[PDB]
There are 4 protein chains.
Amino acid sequence: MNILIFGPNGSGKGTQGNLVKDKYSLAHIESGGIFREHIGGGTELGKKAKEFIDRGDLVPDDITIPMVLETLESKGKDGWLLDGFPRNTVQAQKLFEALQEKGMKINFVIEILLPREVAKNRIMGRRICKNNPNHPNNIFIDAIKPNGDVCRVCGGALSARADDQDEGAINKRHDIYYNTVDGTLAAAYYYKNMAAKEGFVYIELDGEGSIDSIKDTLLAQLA
Amino acid sequence: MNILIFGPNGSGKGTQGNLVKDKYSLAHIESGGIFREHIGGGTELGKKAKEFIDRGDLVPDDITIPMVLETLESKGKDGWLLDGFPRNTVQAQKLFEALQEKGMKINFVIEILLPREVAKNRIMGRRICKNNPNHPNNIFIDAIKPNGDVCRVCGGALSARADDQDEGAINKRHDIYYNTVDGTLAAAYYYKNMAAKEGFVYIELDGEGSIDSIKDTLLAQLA
Amino acid sequence: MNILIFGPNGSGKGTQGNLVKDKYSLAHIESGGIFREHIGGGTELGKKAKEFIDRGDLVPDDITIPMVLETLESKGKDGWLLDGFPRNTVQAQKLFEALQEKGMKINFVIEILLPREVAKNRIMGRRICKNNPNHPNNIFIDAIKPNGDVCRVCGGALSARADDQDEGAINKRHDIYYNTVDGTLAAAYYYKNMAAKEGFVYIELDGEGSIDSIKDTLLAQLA
Amino acid sequence: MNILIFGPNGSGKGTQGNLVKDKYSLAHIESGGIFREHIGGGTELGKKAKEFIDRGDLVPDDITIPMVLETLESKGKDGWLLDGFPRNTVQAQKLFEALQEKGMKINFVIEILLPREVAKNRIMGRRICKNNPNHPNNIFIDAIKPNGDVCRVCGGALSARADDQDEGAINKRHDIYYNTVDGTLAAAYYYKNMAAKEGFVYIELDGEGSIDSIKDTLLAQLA
Ligand SMILES: [Zn+2]
Ligand SMILES: [Zn+2]
Ligand SMILES: [Zn+2]
Ligand SMILES: [Zn+2]
């Protein structure tokens, strides 16, 4: 079972992917870990990639796509969940052609749907408990609203994290994710639009339902 | 059902208390919220307390204990869980005499047990995920160890929180908690030692078992 | 030369004290360091203090005042600057009587004056540069306003610190500082009111002028 | 007077540039602000750049170099200090040819020199004072070492910032800066090597001397 997952920052995408990967014993493959395996491990592709990174340039798609496929072959032989790549349409189509050339089949593509204003507010609304950072509090998510100014689980003090309040940075990542010309939504839709012809199932998850409700609908449509 | 809960920082005490209060529909009463009700709301006891606080002195026990009892009467009429008070033996005995004078019965006292070195390491070992602060990671808790330097749920970057690394502050709170002469353990033991005579049950939870395992044993011994 | 300095959080008090202590080769004695010398070093007074702290009670004034005087005798024999003690009128008068009993003379008392709303806004207005935390930026201090959303020195990204945004905590410290019944301003005024009789000079610094301008007027009135 | 400045993270580069720009009334032009002027202001080059950024690709040098020159013409007509661009040799040579085509002369190039291990330790050694974040403390810089665990200016508590402790991120920026094949040092040296032929002066600042000492030698060699 091979799955691609898409969703913006603010959509709970890591949480949902973790649940799927545990249930189906999948390798969870994330674009950052691919580079550490190849750039850090000095594979022939990684030594080639690292000459771009070390000038401040990006790695070209003709090196990145073979890296991804090498990792999928190596870590994903009993099934994989690919998270965070592709980000744009050129990458999505190069990835699809590379997977076909190696006979590697996509079985599911999952997209978590959330309006961009909702996604941004969910990130900025997070409040961290001083006593235990695991305690979920979010001023913009009714089911886990704080108890006034304090933690709804234990009554500890709450604070905001500066990176969650950095609106210029949140907006530049959502700019790319929500770009339906050639950004990540256009990439997700390129897969949606060929699912029926290519024999895979495209699953749309409504990101506004609860952690439990989303997990139920998802684990039902893969089962 | 009236319950007192004790445990050091690093023992998961808020999490466990929240579970108990939800299961039994208890008011969760924490020492900080008592002051906001009385100091903030200008009760006669609160206006009296606030003259000490405003000089930098502590509120005397002859004002704090009546505050606690007024809150228990007011917010806790259908059952309460009192968390974070008493902290020492003088408070514990004044509280017991005040509860007897008002005919308010203790039904359970819960103590979460953890060695102090274990408690400190659990606090300092916490690592927060950049992508989602809910994702539990802890270098000192094997079941939720990170995946190398990254989040074990989603592969996001991890960082430490400065307050979790502040060893002088952690040690001064554990100094008080673990003081068996007249600190919080001596207070917990004052209750343990009269449980049989006073007709309440003293529950000891081994804080090194999992969130699930502790919750099972606890919810079993209250049931 | 012996000096007491008073000022609220938000008044630049540490900066000014450091300048005075360097110019006059004074020991800078701060209430926190007194405890580490005595509580940490197990002086007879410190072992006595630590039994209160370890129950969660404050150290009584009849132990704290002798501690302060022992430190002044020991670290301050060639002149001292005492910062952060006394905080209330009872401490201020006990300190004055203890200094007289040991023949230790006050030469100057410095008070940095700022309206409380100004002090709070100066704390909340601080913005820290990502590239270098030394670069001063403050949305509420015109001379060091940021350059739009970025550092006015180097153009780096700016963020806020959670403790600078914690209005409940800022307000509880200003509650004590600005309490003119028996809090820290009442303590400062107790000294002001006896300066002429006791042969010391009381210096009032207008905390709204620049770091340079305040330093000039101050170093002039001590010279 | 037109100046290019180079230095790694950890070298005090913003501080020194600010001093030069104030003394000579220069526009301080930093690579981040160029994009906000063009990408944010929708110049014809900026609308072109933003189509790459919105796919997650970099802006090509044939768009970035004209952007830089347009900003230099517009904001830098009475003299500029260009900070943070170029980062590699291809950019450095394209920039030089673009400046020649517009008749814009370089007068000085400043390089702040520090060994990479020294630069990393200066970043990781920073400690921020709780009372005032302006107070410089650094465990790796002897002149501003803390006073034990506390602020050397005011005795306040010290903490570390997570981004200053992120060694993978520090190393990836130093990887590019210290790359003498085609990274930022190779770019700086491309200018050094033509200074005499092109009639500009290349200034090397020893980054291990004090803020004052560096500023003196620098302001002397520009004067
Ligand atoms: Zn909490
Ligand atoms: Zn995570
Ligand atoms: Zn800066
Ligand atoms: Zn300081």
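- Going by the header, the method for this PDB entry is X-ray crystallography, and the resolution given is 1.80 Å.

- Under the PDB entry, the name given to chain A is ADENYLATE KINASE, and the source organism is Desulfovibrio gigas.
- Comment text from UniProt for chain A, heading Catalytic activity (unreviewed entry), reads "AMP + ATP = 2 ADP".

**Structural notes on the packing of aromatic side chains**
(1) Moving on: Inspection of every chain in the model, using the stated rule, returns 16 aromatic pairs over all chains.
(2) Moving on: Plain terms: the ring middles of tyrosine 190 of chain D and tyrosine 191 of chain D are 5.1 Å apart, the flat faces sit at 75° to each other, and that makes the pair edge-to-face.
(3) Moving on: A relative accessible area of 0% places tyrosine 191 of chain D in the buried class.
(4) Moving on: Members of the aromatic cluster, connected to one another through ring pairs, are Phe6, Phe96, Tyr190 and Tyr191 of chain A.
(5) Moving on: Seen from the ring of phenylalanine 52 of chain B, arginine 55 of chain B lies directly overhead, with NZ or CZ sitting 4.8 Å from the centre.

**Re the UniProt feature "binding site: ATP" (unreviewed entry) in chain A**
(1) Moving on: Mapped onto this numbering, the UniProt entry annotates "binding site: ATP" (unreviewed entry) at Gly10, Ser11, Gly12, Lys13, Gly14, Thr15, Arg126 and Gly209 of chain A.
(2) Moving on: Structurally, the position occupied by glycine 14 of chain A is in helix α1 (residues 13-24).
(3) Moving on: Apart from the residues lying within four places of it in its own chain, the contact partners of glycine 14 of chain A are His135, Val153 and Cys154 of chain B.
(4) Moving on: Other than its neighbours up to four places away in sequence, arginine 126 of chain A contacts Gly10, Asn137, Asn138, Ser159, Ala160, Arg161, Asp164 and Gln165 of chain A together with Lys130, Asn131, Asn132 and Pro133 of chain B.

**Looking at the sheet that holds strand β1 (residues 2-6) of chain C**
Residues and elements named next belong to chain C.
(1) Moving on: Within the open sheet, the 5 strands sit side by side as β2-β3-β1-β4-β7. Their pairing is parallel. Of all the strands in the sheet, just β2 (27-30) and β7 (201-206) have a single pairing partner and so form its edges. Pairs of neighbouring strands in the sheet enclose a mean axial angle of 20°, with direction left out of account.
(2) Moving on: In terms of strand pairing, strand β4 (residues 108-113) meets β7 through 6 bridges, oriented parallel. Bridge pairing in β7 links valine 109 to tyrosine 202.
(3) Moving on: The sheet contacts of helix α4 (residues 61-75) involve β2 and β3 (80-83), and relative to β2 the element is tilted by about 165°.

**Considering the pairing of strand β3 (residues 80-83) of chain D**
Residues and elements named next belong to chain D.
(1) Moving on: By the alternation rule, side chains of β3 split into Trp80 and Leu82 and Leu81 and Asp83, which are all buried.
(2) Moving on: The sheet contact formed by strand β1 (residues 2-6) and β3 spans 4 bridges and is parallel. Among the inter-strand pairings, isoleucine 5 is bridged to a residue of β3, identified as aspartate 83.
(3) Moving on: In the sheet, strand β2 (residues 27-30) pairs with β3 via 4 bridges, with the strands oriented parallel. Each bridged residue has a counterpart across the sheet, and for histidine 28 the counterpart in β3 is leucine 81.

**Section: the UniProt feature "binding site: AMP" (unreviewed entry) in chain A**
(1) Moving on: As recorded in UniProt, the feature "binding site: AMP" (unreviewed entry) lies at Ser31, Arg36, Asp57, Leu58, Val59, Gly84, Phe85, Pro86, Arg87, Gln91, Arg161 and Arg173 of chain A. Taken together, the annotated residues stretch across 143 residues and extend over separate regions, lying up to 32.5 Å apart by C-alpha.
(2) Moving on: With respect to the helices and strands, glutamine 91 of chain A occurs in helix α5 (residues 89-101).
(3) Moving on: In terms of polar contacts, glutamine 91 of chain A uses its side chain to reach the backbone amide nitrogen of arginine 87 of chain A, at 2.7 Å.
(4) Moving on: Inspection of the secondary structure assignment puts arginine 161 of chain A in the loop between β6 (158-159) and α7 (167-177).
(5) Moving on: Exposure remark for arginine 161 of chain A: the relative accessible area of 16% places this residue in the buried category.
(6) Moving on: Discounting chain neighbours no more than four positions away, the residues touching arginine 161 of chain A are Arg126 and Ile128 of chain A together with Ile128, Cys129, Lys130, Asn131 and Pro133 of chain B.

**What about the coordination of the zinc ion (ligand 1)?**
All names here are of chain A.
(1) Moving on: Within the protein, the zinc ion (ligand 1) binds to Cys129 (SG), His135 (ND1), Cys151 (SG) and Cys154 (SG); these donor distances fall in the range 2.0 to 2.3 Å.
(2) Moving on: Going along the chain, you hit the donors of the zinc ion (ligand 1) in the pattern C-x5-H-x15-C-x2-C. Taken together, the residues span a long stretch of sequence, with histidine 135 in the loop between β5 (128-129) and β6 and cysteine 154 in the loop between β5 and β6 at a distance of 19 residues. Exposure class is identical for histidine 135 and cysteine 154. Each is buried.

Criteria and cut-off values
Residues numbered from 1 in each chain as written, not as in the entry; some residues may be left out. Chains lettered and ligands numbered in written order. Heavy atoms only, no water. Residues with missing side-chain atoms left out of burial classes, pairs and counts. UniProt positions renumbered as here; feature names shortened; annotations may be inferred. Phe/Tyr/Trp six-rings, centres within 6.5 Å; stacked < 30°, edge-to-face > 60°. Buried < 20%, exposed > 50% of the residue type's maximum accessible area, 1.4 Å probe, protein only. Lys NZ or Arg CZ within 6 Å of the ring centre and 35° of its normal. Helix = DSSP H or I, 4+ residues; strand = E, 2+ residues; numbered from the N terminus. Contact = heavy atoms within 4.5 Å. Pairing = 2+ DSSP bridges. Axes fitted to C-alpha atoms, helices over the stretch in contact; angles between N-to-C directions. Polar contact = N/O pair within 3.5 Å; in protein donor to acceptor, adjacent residues only side chain to side chain. Donors = N, O, S within 2.8 Å, 3.2 Å for Na, K, Ca; no water.

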